[PDB]
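Peer 1: Next comes structure-v3.txt, compact mmCIF, N, CA and C atoms:
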# COMPACT_ATOMS: atom_id res chain seq x y z
N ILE V 12 15.97 11.45 13.22
CA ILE V 12 16.24 10.41 14.25
C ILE V 12 15.39 9.18 13.92
N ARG V 13 15.91 8.01 14.26
CA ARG V 13 15.14 6.77 14.26
C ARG V 13 15.12 6.25 15.68
N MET V 14 14.09 5.46 15.98
CA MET V 14 13.96 4.79 17.26
C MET V 14 15.20 3.94 17.51
N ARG V 15 15.75 4.05 18.71
CA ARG V 15 16.87 3.22 19.11
C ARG V 15 16.36 1.84 19.46
N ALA V 16 17.29 0.89 19.50
CA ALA V 16 17.04 -0.43 20.06
C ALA V 16 15.80 -1.04 19.42
N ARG V 17 15.94 -1.28 18.12
CA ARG V 17 14.82 -1.74 17.29
C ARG V 17 15.29 -2.90 16.41
N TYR V 18 14.52 -3.98 16.33
CA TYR V 18 14.82 -5.04 15.36
C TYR V 18 14.51 -4.51 13.94
N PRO V 19 15.44 -4.63 12.99
CA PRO V 19 15.20 -4.13 11.61
C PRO V 19 14.09 -4.87 10.92
N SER V 20 12.99 -4.04 10.61
CA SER V 20 11.65 -4.55 10.25
C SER V 20 10.84 -3.37 9.79
N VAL V 21 9.70 -3.63 9.17
CA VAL V 21 8.89 -2.53 8.65
C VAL V 21 8.32 -1.68 9.75
N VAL V 22 8.11 -0.41 9.41
CA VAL V 22 7.24 0.49 10.14
C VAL V 22 5.88 0.50 9.43
N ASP V 23 4.80 0.26 10.13
CA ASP V 23 3.49 0.27 9.51
C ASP V 23 2.98 1.69 9.39
N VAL V 24 2.44 2.02 8.22
CA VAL V 24 1.93 3.31 7.93
C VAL V 24 0.41 3.28 8.06
N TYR V 25 -0.12 4.24 8.79
CA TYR V 25 -1.54 4.31 9.08
C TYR V 25 -2.19 5.65 8.70
N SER V 26 -1.43 6.67 8.31
CA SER V 26 -2.07 7.92 7.90
C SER V 26 -1.30 8.71 6.83
N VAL V 27 -2.03 9.55 6.11
CA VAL V 27 -1.47 10.41 5.07
C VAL V 27 -0.40 11.37 5.63
N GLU V 28 -0.63 11.90 6.83
CA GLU V 28 0.32 12.80 7.46
C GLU V 28 1.58 12.07 7.94
N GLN V 29 1.41 10.92 8.60
CA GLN V 29 2.54 10.09 9.00
C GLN V 29 3.41 9.74 7.78
N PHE V 30 2.77 9.39 6.66
CA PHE V 30 3.51 9.06 5.45
C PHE V 30 4.34 10.24 4.96
N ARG V 31 3.77 11.44 4.95
CA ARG V 31 4.49 12.62 4.53
C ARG V 31 5.69 12.86 5.44
N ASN V 32 5.48 12.72 6.75
CA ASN V 32 6.58 12.94 7.68
C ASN V 32 7.69 11.93 7.46
N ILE V 33 7.33 10.67 7.25
CA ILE V 33 8.31 9.62 7.00
C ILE V 33 9.14 9.92 5.73
N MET V 34 8.47 10.24 4.64
CA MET V 34 9.15 10.33 3.36
C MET V 34 9.97 11.61 3.26
N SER V 35 9.65 12.56 4.15
CA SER V 35 10.36 13.84 4.24
C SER V 35 11.64 13.77 5.05
N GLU V 36 11.83 12.70 5.82
CA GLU V 36 13.03 12.59 6.65
C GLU V 36 14.27 12.35 5.82
N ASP V 37 15.43 12.73 6.37
CA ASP V 37 16.72 12.50 5.76
C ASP V 37 17.23 11.10 6.08
N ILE V 38 16.45 10.12 5.65
CA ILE V 38 16.75 8.70 5.82
C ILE V 38 16.34 8.07 4.50
N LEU V 39 17.20 7.25 3.92
CA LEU V 39 16.80 6.49 2.74
C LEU V 39 15.66 5.57 3.13
N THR V 40 14.55 5.73 2.43
CA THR V 40 13.27 5.13 2.78
C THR V 40 12.63 4.44 1.58
N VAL V 41 12.06 3.27 1.85
CA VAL V 41 11.31 2.50 0.89
C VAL V 41 9.87 2.38 1.36
N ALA V 42 8.94 2.92 0.59
CA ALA V 42 7.51 2.71 0.79
C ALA V 42 7.12 1.43 0.05
N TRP V 43 6.60 0.46 0.79
CA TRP V 43 6.23 -0.85 0.29
C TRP V 43 4.70 -0.95 0.32
N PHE V 44 4.08 -0.87 -0.86
CA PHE V 44 2.64 -0.95 -1.05
C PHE V 44 2.26 -2.41 -1.22
N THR V 45 1.28 -2.85 -0.42
CA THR V 45 0.96 -4.25 -0.31
C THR V 45 -0.47 -4.41 0.16
N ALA V 46 -0.99 -5.64 0.15
CA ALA V 46 -2.34 -5.94 0.62
C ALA V 46 -2.35 -7.38 1.10
N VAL V 47 -3.19 -7.67 2.09
CA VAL V 47 -3.21 -8.99 2.74
C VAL V 47 -3.69 -10.08 1.81
N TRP V 48 -4.67 -9.78 0.98
CA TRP V 48 -5.25 -10.82 0.15
C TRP V 48 -4.73 -10.71 -1.29
N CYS V 49 -3.40 -10.59 -1.41
CA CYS V 49 -2.71 -10.42 -2.68
C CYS V 49 -1.58 -11.46 -2.77
N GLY V 50 -1.68 -12.35 -3.76
CA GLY V 50 -0.78 -13.48 -3.86
C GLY V 50 0.69 -13.13 -4.01
N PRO V 51 1.03 -12.36 -5.04
CA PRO V 51 2.42 -11.92 -5.23
C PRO V 51 2.97 -11.16 -4.02
N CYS V 52 2.11 -10.40 -3.33
CA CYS V 52 2.53 -9.70 -2.12
C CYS V 52 3.00 -10.67 -1.04
N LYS V 53 2.26 -11.76 -0.85
CA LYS V 53 2.62 -12.76 0.14
C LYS V 53 3.92 -13.47 -0.19
N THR V 54 4.16 -13.72 -1.47
CA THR V 54 5.36 -14.47 -1.87
C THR V 54 6.63 -13.77 -1.41
N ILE V 55 6.64 -12.45 -1.42
CA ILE V 55 7.87 -11.71 -1.15
C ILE V 55 8.02 -11.25 0.31
N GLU V 56 7.11 -11.64 1.19
CA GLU V 56 7.21 -11.25 2.61
C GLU V 56 8.55 -11.60 3.26
N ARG V 57 8.96 -12.86 3.15
CA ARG V 57 10.21 -13.32 3.74
C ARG V 57 11.45 -12.69 3.09
N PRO V 58 11.53 -12.64 1.76
CA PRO V 58 12.58 -11.86 1.11
C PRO V 58 12.67 -10.40 1.61
N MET V 59 11.54 -9.76 1.86
CA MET V 59 11.54 -8.38 2.36
C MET V 59 12.04 -8.27 3.80
N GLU V 60 11.67 -9.22 4.64
CA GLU V 60 12.23 -9.27 5.99
C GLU V 60 13.75 -9.36 5.94
N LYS V 61 14.28 -10.17 5.03
CA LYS V 61 15.72 -10.32 4.92
C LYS V 61 16.36 -9.02 4.41
N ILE V 62 15.72 -8.36 3.44
CA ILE V 62 16.21 -7.09 2.95
C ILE V 62 16.25 -6.04 4.07
N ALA V 63 15.22 -5.96 4.89
CA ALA V 63 15.25 -4.99 5.98
C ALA V 63 16.38 -5.25 6.95
N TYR V 64 16.63 -6.52 7.25
CA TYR V 64 17.76 -6.88 8.13
C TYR V 64 19.11 -6.55 7.54
N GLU V 65 19.23 -6.73 6.22
CA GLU V 65 20.49 -6.55 5.54
C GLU V 65 20.79 -5.10 5.17
N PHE V 66 19.77 -4.24 5.23
CA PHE V 66 19.90 -2.81 4.95
C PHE V 66 19.40 -2.02 6.15
N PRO V 67 20.08 -2.12 7.31
CA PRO V 67 19.58 -1.48 8.52
C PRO V 67 19.62 0.05 8.48
N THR V 68 20.34 0.65 7.55
CA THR V 68 20.33 2.11 7.42
C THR V 68 19.16 2.60 6.60
N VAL V 69 18.35 1.69 6.06
CA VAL V 69 17.17 2.05 5.27
C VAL V 69 15.93 1.80 6.12
N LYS V 70 14.96 2.69 6.02
CA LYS V 70 13.66 2.50 6.64
C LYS V 70 12.69 1.92 5.62
N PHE V 71 11.96 0.90 6.01
CA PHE V 71 10.95 0.24 5.18
C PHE V 71 9.59 0.53 5.76
N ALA V 72 8.79 1.31 5.04
CA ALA V 72 7.49 1.77 5.52
C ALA V 72 6.40 1.02 4.76
N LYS V 73 5.67 0.15 5.45
CA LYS V 73 4.69 -0.71 4.83
C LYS V 73 3.36 0.02 4.78
N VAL V 74 2.84 0.16 3.56
CA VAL V 74 1.59 0.82 3.29
C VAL V 74 0.56 -0.20 2.78
N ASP V 75 -0.37 -0.58 3.65
CA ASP V 75 -1.45 -1.43 3.23
C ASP V 75 -2.42 -0.62 2.34
N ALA V 76 -2.64 -1.14 1.15
CA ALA V 76 -3.37 -0.40 0.11
C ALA V 76 -4.84 -0.31 0.40
N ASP V 77 -5.39 -1.29 1.12
CA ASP V 77 -6.82 -1.30 1.42
C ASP V 77 -7.14 -0.31 2.53
N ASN V 78 -6.20 -0.09 3.45
CA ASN V 78 -6.41 0.84 4.56
C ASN V 78 -5.82 2.24 4.35
N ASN V 79 -5.04 2.43 3.29
CA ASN V 79 -4.42 3.73 3.02
C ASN V 79 -4.64 4.13 1.56
N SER V 80 -5.91 4.12 1.13
CA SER V 80 -6.19 4.34 -0.28
C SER V 80 -5.80 5.69 -0.82
N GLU V 81 -5.81 6.72 0.03
CA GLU V 81 -5.39 8.05 -0.41
C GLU V 81 -3.89 8.13 -0.65
N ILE V 82 -3.08 7.37 0.09
CA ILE V 82 -1.65 7.34 -0.19
C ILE V 82 -1.40 6.64 -1.53
N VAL V 83 -2.11 5.55 -1.78
CA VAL V 83 -2.08 4.85 -3.08
C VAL V 83 -2.40 5.82 -4.21
N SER V 84 -3.43 6.64 -4.04
CA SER V 84 -3.80 7.57 -5.11
C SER V 84 -2.81 8.71 -5.25
N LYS V 85 -2.31 9.26 -4.16
CA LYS V 85 -1.35 10.36 -4.25
C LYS V 85 -0.12 9.91 -5.02
N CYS V 86 0.31 8.66 -4.80
CA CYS V 86 1.52 8.13 -5.42
C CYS V 86 1.27 7.43 -6.74
N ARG V 87 0.01 7.41 -7.21
CA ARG V 87 -0.33 6.76 -8.47
C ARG V 87 0.18 5.35 -8.52
N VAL V 88 -0.05 4.61 -7.45
CA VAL V 88 0.27 3.20 -7.41
C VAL V 88 -0.83 2.42 -8.14
N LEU V 89 -0.41 1.56 -9.08
CA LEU V 89 -1.32 0.88 -10.01
C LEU V 89 -1.41 -0.61 -9.82
N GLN V 90 -0.46 -1.19 -9.11
CA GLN V 90 -0.44 -2.62 -8.88
C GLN V 90 0.35 -2.92 -7.64
N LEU V 91 0.14 -4.10 -7.10
CA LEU V 91 0.77 -4.52 -5.86
C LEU V 91 1.57 -5.81 -6.06
N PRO V 92 2.70 -5.98 -5.39
CA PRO V 92 3.34 -4.94 -4.57
C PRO V 92 4.03 -3.91 -5.45
N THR V 93 4.26 -2.74 -4.88
CA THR V 93 5.07 -1.68 -5.51
C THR V 93 5.96 -1.09 -4.45
N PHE V 94 7.16 -0.65 -4.83
CA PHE V 94 8.11 -0.02 -3.92
C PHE V 94 8.49 1.35 -4.46
N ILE V 95 8.43 2.38 -3.62
CA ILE V 95 8.85 3.72 -3.99
C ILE V 95 9.96 4.12 -3.05
N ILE V 96 11.09 4.55 -3.60
CA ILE V 96 12.31 4.91 -2.83
C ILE V 96 12.43 6.43 -2.79
N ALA V 97 12.70 6.97 -1.62
CA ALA V 97 12.79 8.41 -1.42
C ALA V 97 13.78 8.73 -0.32
N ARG V 98 14.27 9.97 -0.32
CA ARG V 98 15.02 10.50 0.82
C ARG V 98 14.79 12.01 0.86
N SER V 99 14.49 12.54 2.04
CA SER V 99 14.33 14.00 2.21
C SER V 99 13.29 14.56 1.24
N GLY V 100 12.23 13.81 1.03
CA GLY V 100 11.14 14.24 0.17
C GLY V 100 11.40 14.10 -1.33
N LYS V 101 12.56 13.57 -1.72
CA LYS V 101 12.93 13.45 -3.13
C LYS V 101 12.67 12.04 -3.62
N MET V 102 11.98 11.93 -4.74
CA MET V 102 11.80 10.66 -5.46
C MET V 102 13.14 10.15 -5.96
N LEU V 103 13.49 8.92 -5.62
CA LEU V 103 14.73 8.31 -6.07
C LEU V 103 14.55 7.10 -6.98
N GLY V 104 13.35 6.54 -7.05
CA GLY V 104 13.12 5.43 -7.93
C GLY V 104 11.93 4.61 -7.47
N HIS V 105 11.58 3.65 -8.30
CA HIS V 105 10.57 2.69 -7.96
C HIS V 105 10.88 1.30 -8.49
N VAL V 106 10.23 0.29 -7.89
CA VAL V 106 10.28 -1.08 -8.38
C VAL V 106 8.84 -1.59 -8.41
N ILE V 107 8.39 -2.09 -9.55
CA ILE V 107 7.03 -2.54 -9.74
C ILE V 107 6.98 -4.05 -9.63
N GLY V 108 6.02 -4.53 -8.85
CA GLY V 108 5.76 -5.95 -8.72
C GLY V 108 6.73 -6.68 -7.80
N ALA V 109 6.61 -8.00 -7.81
CA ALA V 109 7.26 -8.89 -6.84
C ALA V 109 8.69 -9.13 -7.25
N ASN V 110 9.49 -8.08 -7.11
CA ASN V 110 10.86 -8.03 -7.59
C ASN V 110 11.84 -7.56 -6.50
N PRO V 111 11.92 -8.31 -5.42
CA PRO V 111 12.83 -7.93 -4.33
C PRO V 111 14.30 -7.85 -4.73
N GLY V 112 14.75 -8.68 -5.68
CA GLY V 112 16.13 -8.60 -6.13
C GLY V 112 16.46 -7.28 -6.80
N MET V 113 15.51 -6.78 -7.60
CA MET V 113 15.66 -5.48 -8.22
C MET V 113 15.68 -4.37 -7.16
N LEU V 114 14.83 -4.49 -6.14
CA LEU V 114 14.87 -3.52 -5.05
C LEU V 114 16.23 -3.52 -4.33
N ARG V 115 16.75 -4.71 -4.05
CA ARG V 115 18.06 -4.85 -3.40
C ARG V 115 19.13 -4.20 -4.26
N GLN V 116 19.10 -4.46 -5.56
CA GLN V 116 20.09 -3.88 -6.46
C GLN V 116 19.98 -2.36 -6.51
N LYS V 117 18.76 -1.84 -6.53
CA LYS V 117 18.56 -0.42 -6.61
C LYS V 117 19.06 0.27 -5.34
N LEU V 118 18.79 -0.32 -4.17
CA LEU V 118 19.27 0.24 -2.90
C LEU V 118 20.80 0.22 -2.81
N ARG V 119 21.40 -0.89 -3.22
CA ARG V 119 22.87 -1.02 -3.27
C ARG V 119 23.47 0.11 -4.08
N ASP V 120 22.90 0.36 -5.25
CA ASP V 120 23.42 1.39 -6.16
C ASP V 120 23.18 2.82 -5.69
N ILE V 121 22.13 3.04 -4.92
CA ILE V 121 21.91 4.36 -4.35
C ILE V 121 22.93 4.60 -3.23
N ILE V 122 23.16 3.58 -2.42
CA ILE V 122 24.06 3.71 -1.28
C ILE V 122 25.52 3.84 -1.73
N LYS V 123 25.89 3.14 -2.81
CA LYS V 123 27.27 3.12 -3.30
C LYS V 123 27.68 4.47 -3.82
N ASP V 124 26.78 5.10 -4.57
CA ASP V 124 27.10 6.31 -5.31
C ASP V 124 26.79 7.56 -4.51
Write out the structure in this file as structure tokens.
Peer 2:
Amino acid sequence: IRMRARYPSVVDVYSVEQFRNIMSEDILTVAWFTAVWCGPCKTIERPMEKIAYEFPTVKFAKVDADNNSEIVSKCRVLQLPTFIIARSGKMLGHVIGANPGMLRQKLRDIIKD
């Protein structure tokens, strides 16, 4: 289930357990690793808001790297921003760096097929 009556936008991730529960759900999900004082991360904020609006069947889970360092380590995230795509606990792909167009293309192709 997802929350009803919600503007399509990120869910903020605050714990290792919450992250596991999120990524284990049967919902196509994108974990978005980011940090406040990161230049490339800031550039893609608005593009990401548009992606969340345009893909309302996808959940976008924002993981701040400075506050969730154990999630960063579990997922072997090496640079920011990074996107990891999953559904029902299964790894479906990743996009490295400030590449929202590649993320959009990857989501389109997962949904199509």
Peer 1: Taking only N, CA and C atoms into account, produce a table as a tab-separated table in which each residue of range 22-94 of chain V with an atom at most 7 Å from an atom of range 99-109 of chain V appears once, together with its shortest atom pair and the distance in Å to one decimal, ordered by chain and rising number.
Peer 2:
residue	atom	partner	partner_atom	distance
V:33	C	V:100	N	6.8
V:34	C	V:100	N	3.9
V:35	CA	V:100	N	3.7
V:36	C	V:99	N	3.8
V:37	CA	V:99	N	4.3
V:38	N	V:99	N	4.8
V:39	N	V:99	N	6.2
V:40	N	V:99	N	6.8
V:51	C	V:109	CA	5.6
V:52	N	V:109	CA	6.4
V:55	CA	V:109	CA	6.4
V:90	C	V:108	N	6.0
V:91	C	V:108	CA	5.0
V:92	C	V:108	N	4.0
V:93	CA	V:108	N	4.5
V:94	C	V:106	N	4.0
Peer 1: Could you save those same residues with N, CA and C atoms as a PDB file, in the coordinates of the input?
Peer 2:
ATOM      1  N   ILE V  33       7.330  10.670   7.250  1.00  0.00           N
ATOM      2  CA  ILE V  33       8.310   9.620   7.000  1.00  0.00           C
ATOM      3  C   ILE V  33       9.140   9.920   5.730  1.00  0.00           C
ATOM      4  N   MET V  34       8.470  10.240   4.640  1.00  0.00           N
ATOM      5  CA  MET V  34       9.150  10.330   3.360  1.00  0.00           C
ATOM      6  C   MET V  34       9.970  11.610   3.260  1.00  0.00           C
ATOM      7  N   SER V  35       9.650  12.560   4.150  1.00  0.00           N
ATOM      8  CA  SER V  35      10.360  13.840   4.240  1.00  0.00           C
ATOM      9  C   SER V  35      11.640  13.770   5.050  1.00  0.00           C
ATOM     10  N   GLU V  36      11.830  12.700   5.820  1.00  0.00           N
ATOM     11  CA  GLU V  36      13.030  12.590   6.650  1.00  0.00           C
ATOM     12  C   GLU V  36      14.270  12.350   5.820  1.00  0.00           C
ATOM     13  N   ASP V  37      15.430  12.730   6.370  1.00  0.00           N
ATOM     14  CA  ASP V  37      16.720  12.500   5.760  1.00  0.00           C
ATOM     15  C   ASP V  37      17.230  11.100   6.080  1.00  0.00           C
ATOM     16  N   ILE V  38      16.450  10.120   5.650  1.00  0.00           N
ATOM     17  CA  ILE V  38      16.750   8.700   5.820  1.00  0.00           C
ATOM     18  C   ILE V  38      16.340   8.070   4.500  1.00  0.00           C
ATOM     19  N   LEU V  39      17.200   7.250   3.920  1.00  0.00           N
ATOM     20  CA  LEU V  39      16.800   6.490   2.740  1.00  0.00           C
ATOM     21  C   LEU V  39      15.660   5.570   3.130  1.00  0.00           C
ATOM     22  N   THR V  40      14.550   5.730   2.430  1.00  0.00           N
ATOM     23  CA  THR V  40      13.270   5.130   2.780  1.00  0.00           C
ATOM     24  C   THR V  40      12.630   4.440   1.580  1.00  0.00           C
ATOM     25  N   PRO V  51       1.030 -12.360  -5.040  1.00  0.00           N
ATOM     26  CA  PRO V  51       2.420 -11.920  -5.230  1.00  0.00           C
ATOM     27  C   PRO V  51       2.970 -11.160  -4.020  1.00  0.00           C
ATOM     28  N   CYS V  52       2.110 -10.400  -3.330  1.00  0.00           N
ATOM     29  CA  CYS V  52       2.530  -9.700  -2.120  1.00  0.00           C
ATOM     30  C   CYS V  52       3.000 -10.670  -1.040  1.00  0.00           C
ATOM     31  N   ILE V  55       6.640 -12.450  -1.420  1.00  0.00           N
ATOM     32  CA  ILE V  55       7.870 -11.710  -1.150  1.00  0.00           C
ATOM     33  C   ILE V  55       8.020 -11.250   0.310  1.00  0.00           C
ATOM     34  N   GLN V  90      -0.460  -1.190  -9.110  1.00  0.00           N
ATOM     35  CA  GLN V  90      -0.440  -2.620  -8.880  1.00  0.00           C
ATOM     36  C   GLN V  90       0.350  -2.920  -7.640  1.00  0.00           C
ATOM     37  N   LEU V  91       0.140  -4.100  -7.100  1.00  0.00           N
ATOM     38  CA  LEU V  91       0.770  -4.520  -5.860  1.00  0.00           C
ATOM     39  C   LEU V  91       1.570  -5.810  -6.060  1.00  0.00           C
ATOM     40  N   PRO V  92       2.700  -5.980  -5.390  1.00  0.00           N
ATOM     41  CA  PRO V  92       3.340  -4.940  -4.570  1.00  0.00           C
ATOM     42  C   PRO V  92       4.030  -3.910  -5.450  1.00  0.00           C
ATOM     43  N   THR V  93       4.260  -2.740  -4.880  1.00  0.00           N
ATOM     44  CA  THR V  93       5.070  -1.680  -5.510  1.00  0.00           C
ATOM     45  C   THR V  93       5.960  -1.090  -4.450  1.00  0.00           C
ATOM     46  N   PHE V  94       7.160  -0.650  -4.830  1.00  0.00           N
ATOM     47  CA  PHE V  94       8.110  -0.020  -3.920  1.00  0.00           C
ATOM     48  C   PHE V  94       8.490   1.350  -4.460  1.00  0.00           C
TER      49      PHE V  94
END
Peer 1: Between V:63, V:22, V:95, V:69, which has the minimum distance to residue 44 in chain V (counting only N, CA and C atoms)?
Peer 2: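 Smallest separation from residue 44 in chain V among the options: V:95.
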Peer 1: May I have the protein, DNA and RNA residues with an atom at most 8 Å from (7.8, -2.6, 8.6), counting only N, CA and C atoms in the file's coordinates, returned as a ChimeraX atom specification?
Peer 2: /V:19-24,70-74
Peer 1: Please report, as a list in words, each residue of chain V to which DSSP assigns strand (DSSP E) when run on this structure's backbone.
Peer 2: residues 22, 23, 24, 40, 41, 42, 43, 44, 45, 70, 71, 72, 73, 74, 75, 93, 94, 95, 96, 97, 98, 101, 102, 103, 104, 105, 106 and 107 of chain V
Peer 1: Can you list, as an mmCIF file with N, CA and C atoms, keeping the file's coordinate frame, every residue of chain V that DSSP puts in helix (DSSP H, G or I)?
Peer 2:
data_model
loop_
_atom_site.group_PDB
_atom_site.id
_atom_site.type_symbol
_atom_site.label_atom_id
_atom_site.label_comp_id
_atom_site.auth_asym_id
_atom_site.auth_seq_id
_atom_site.Cartn_x
_atom_site.Cartn_y
_atom_site.Cartn_z
ATOM 1 N N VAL V 27 -2.030 9.550 6.110
ATOM 2 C CA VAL V 27 -1.470 10.410 5.070
ATOM 3 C C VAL V 27 -0.400 11.370 5.630
ATOM 4 N N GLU V 28 -0.630 11.900 6.830
ATOM 5 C CA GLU V 28 0.320 12.800 7.460
ATOM 6 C C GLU V 28 1.580 12.070 7.940
ATOM 7 N N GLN V 29 1.410 10.920 8.600
ATOM 8 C CA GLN V 29 2.540 10.090 9.000
ATOM 9 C C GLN V 29 3.410 9.740 7.780
ATOM 10 N N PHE V 30 2.770 9.390 6.660
ATOM 11 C CA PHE V 30 3.510 9.060 5.450
ATOM 12 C C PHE V 30 4.340 10.240 4.960
ATOM 13 N N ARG V 31 3.770 11.440 4.950
ATOM 14 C CA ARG V 31 4.490 12.620 4.530
ATOM 15 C C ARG V 31 5.690 12.860 5.440
ATOM 16 N N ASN V 32 5.480 12.720 6.750
ATOM 17 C CA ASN V 32 6.580 12.940 7.680
ATOM 18 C C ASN V 32 7.690 11.930 7.460
ATOM 19 N N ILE V 33 7.330 10.670 7.250
ATOM 20 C CA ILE V 33 8.310 9.620 7.000
ATOM 21 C C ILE V 33 9.140 9.920 5.730
ATOM 22 N N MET V 34 8.470 10.240 4.640
ATOM 23 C CA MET V 34 9.150 10.330 3.360
ATOM 24 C C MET V 34 9.970 11.610 3.260
ATOM 25 N N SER V 35 9.650 12.560 4.150
ATOM 26 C CA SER V 35 10.360 13.840 4.240
ATOM 27 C C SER V 35 11.640 13.770 5.050
ATOM 28 N N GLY V 50 -1.680 -12.350 -3.760
ATOM 29 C CA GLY V 50 -0.780 -13.480 -3.860
ATOM 30 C C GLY V 50 0.690 -13.130 -4.010
ATOM 31 N N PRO V 51 1.030 -12.360 -5.040
ATOM 32 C CA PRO V 51 2.420 -11.920 -5.230
ATOM 33 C C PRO V 51 2.970 -11.160 -4.020
ATOM 34 N N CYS V 52 2.110 -10.400 -3.330
ATOM 35 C CA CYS V 52 2.530 -9.700 -2.120
ATOM 36 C C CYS V 52 3.000 -10.670 -1.040
ATOM 37 N N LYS V 53 2.260 -11.760 -0.850
ATOM 38 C CA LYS V 53 2.620 -12.760 0.140
ATOM 39 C C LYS V 53 3.920 -13.470 -0.190
ATOM 40 N N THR V 54 4.160 -13.720 -1.470
ATOM 41 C CA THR V 54 5.360 -14.470 -1.870
ATOM 42 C C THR V 54 6.630 -13.770 -1.410
ATOM 43 N N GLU V 56 7.110 -11.640 1.190
ATOM 44 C CA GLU V 56 7.210 -11.250 2.610
ATOM 45 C C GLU V 56 8.550 -11.600 3.260
ATOM 46 N N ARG V 57 8.960 -12.860 3.150
ATOM 47 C CA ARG V 57 10.210 -13.320 3.740
ATOM 48 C C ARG V 57 11.450 -12.690 3.090
ATOM 49 N N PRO V 58 11.530 -12.640 1.760
ATOM 50 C CA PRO V 58 12.580 -11.860 1.110
ATOM 51 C C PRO V 58 12.670 -10.400 1.610
ATOM 52 N N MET V 59 11.540 -9.760 1.860
ATOM 53 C CA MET V 59 11.540 -8.380 2.360
ATOM 54 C C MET V 59 12.040 -8.270 3.800
ATOM 55 N N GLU V 60 11.670 -9.220 4.640
ATOM 56 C CA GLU V 60 12.230 -9.270 5.990
ATOM 57 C C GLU V 60 13.750 -9.360 5.940
ATOM 58 N N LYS V 61 14.280 -10.170 5.030
ATOM 59 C CA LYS V 61 15.720 -10.320 4.920
ATOM 60 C C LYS V 61 16.360 -9.020 4.410
ATOM 61 N N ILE V 62 15.720 -8.360 3.440
ATOM 62 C CA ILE V 62 16.210 -7.090 2.950
ATOM 63 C C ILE V 62 16.250 -6.040 4.070
ATOM 64 N N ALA V 63 15.220 -5.960 4.890
ATOM 65 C CA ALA V 63 15.250 -4.990 5.980
ATOM 66 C C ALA V 63 16.380 -5.250 6.950
ATOM 67 N N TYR V 64 16.630 -6.520 7.250
ATOM 68 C CA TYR V 64 17.760 -6.880 8.130
ATOM 69 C C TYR V 64 19.110 -6.550 7.540
ATOM 70 N N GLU V 65 19.230 -6.730 6.220
ATOM 71 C CA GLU V 65 20.490 -6.550 5.540
ATOM 72 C C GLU V 65 20.790 -5.100 5.170
ATOM 73 N N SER V 80 -5.910 4.120 1.130
ATOM 74 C CA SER V 80 -6.190 4.340 -0.280
ATOM 75 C C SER V 80 -5.800 5.690 -0.820
ATOM 76 N N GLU V 81 -5.810 6.720 0.030
ATOM 77 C CA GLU V 81 -5.390 8.050 -0.410
ATOM 78 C C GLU V 81 -3.890 8.130 -0.650
ATOM 79 N N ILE V 82 -3.080 7.370 0.090
ATOM 80 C CA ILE V 82 -1.650 7.340 -0.190
ATOM 81 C C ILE V 82 -1.400 6.640 -1.530
ATOM 82 N N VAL V 83 -2.110 5.550 -1.780
ATOM 83 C CA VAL V 83 -2.080 4.850 -3.080
ATOM 84 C C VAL V 83 -2.400 5.820 -4.210
ATOM 85 N N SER V 84 -3.430 6.640 -4.040
ATOM 86 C CA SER V 84 -3.800 7.570 -5.110
ATOM 87 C C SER V 84 -2.810 8.710 -5.250
ATOM 88 N N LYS V 85 -2.310 9.260 -4.160
ATOM 89 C CA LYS V 85 -1.350 10.360 -4.250
ATOM 90 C C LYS V 85 -0.120 9.910 -5.020
ATOM 91 N N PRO V 111 11.920 -8.310 -5.420
ATOM 92 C CA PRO V 111 12.830 -7.930 -4.330
ATOM 93 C C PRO V 111 14.300 -7.850 -4.730
ATOM 94 N N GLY V 112 14.750 -8.680 -5.680
ATOM 95 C CA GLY V 112 16.130 -8.600 -6.130
ATOM 96 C C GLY V 112 16.460 -7.280 -6.800
ATOM 97 N N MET V 113 15.510 -6.780 -7.600
ATOM 98 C CA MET V 113 15.660 -5.480 -8.220
ATOM 99 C C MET V 113 15.680 -4.370 -7.160
ATOM 100 N N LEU V 114 14.830 -4.490 -6.140
ATOM 101 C CA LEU V 114 14.870 -3.520 -5.050
ATOM 102 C C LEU V 114 16.230 -3.520 -4.330
ATOM 103 N N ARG V 115 16.750 -4.710 -4.050
ATOM 104 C CA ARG V 115 18.060 -4.850 -3.400
ATOM 105 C C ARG V 115 19.130 -4.200 -4.260
ATOM 106 N N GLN V 116 19.100 -4.460 -5.560
ATOM 107 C CA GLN V 116 20.090 -3.880 -6.460
ATOM 108 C C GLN V 116 19.980 -2.360 -6.510
ATOM 109 N N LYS V 117 18.760 -1.840 -6.530
ATOM 110 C CA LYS V 117 18.560 -0.420 -6.610
ATOM 111 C C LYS V 117 19.060 0.270 -5.340
ATOM 112 N N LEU V 118 18.790 -0.320 -4.170
ATOM 113 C CA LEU V 118 19.270 0.240 -2.900
ATOM 114 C C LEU V 118 20.800 0.220 -2.810
ATOM 115 N N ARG V 119 21.400 -0.890 -3.220
ATOM 116 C CA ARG V 119 22.870 -1.020 -3.270
ATOM 117 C C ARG V 119 23.470 0.110 -4.080
ATOM 118 N N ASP V 120 22.900 0.360 -5.250
ATOM 119 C CA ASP V 120 23.420 1.390 -6.160
ATOM 120 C C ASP V 120 23.180 2.820 -5.690
ATOM 121 N N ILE V 121 22.130 3.040 -4.920
ATOM 122 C CA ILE V 121 21.910 4.360 -4.350
ATOM 123 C C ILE V 121 22.930 4.600 -3.230
ATOM 124 N N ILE V 122 23.160 3.580 -2.420
ATOM 125 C CA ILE V 122 24.060 3.710 -1.280
ATOM 126 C C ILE V 122 25.520 3.840 -1.730
ATOM 127 N N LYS V 123 25.890 3.140 -2.810
ATOM 128 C CA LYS V 123 27.270 3.120 -3.300
ATOM 129 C C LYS V 123 27.680 4.470 -3.820
#
Peer 1: Work out how far atom C of residue 61 in chain V is from atom N of residue 117 in chain V, in Å to one decimal.
Peer 2: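 Between these atoms lies a distance of 13.3 Å.
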Peer 1: How far is it from CA of residue 80 in chain V to CA of residue 26 in chain V, in Å with one decimal?
Peer 2: 9.8 Å
Peer 1: Please report the interatomic distance between CA of residue 41 in chain V and CA of residue 79 in chain V in Å with one decimal.
Peer 2: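 Calculated distance between CA of residue 41 in chain V and CA of residue 79 in chain V is 15.9 Å.
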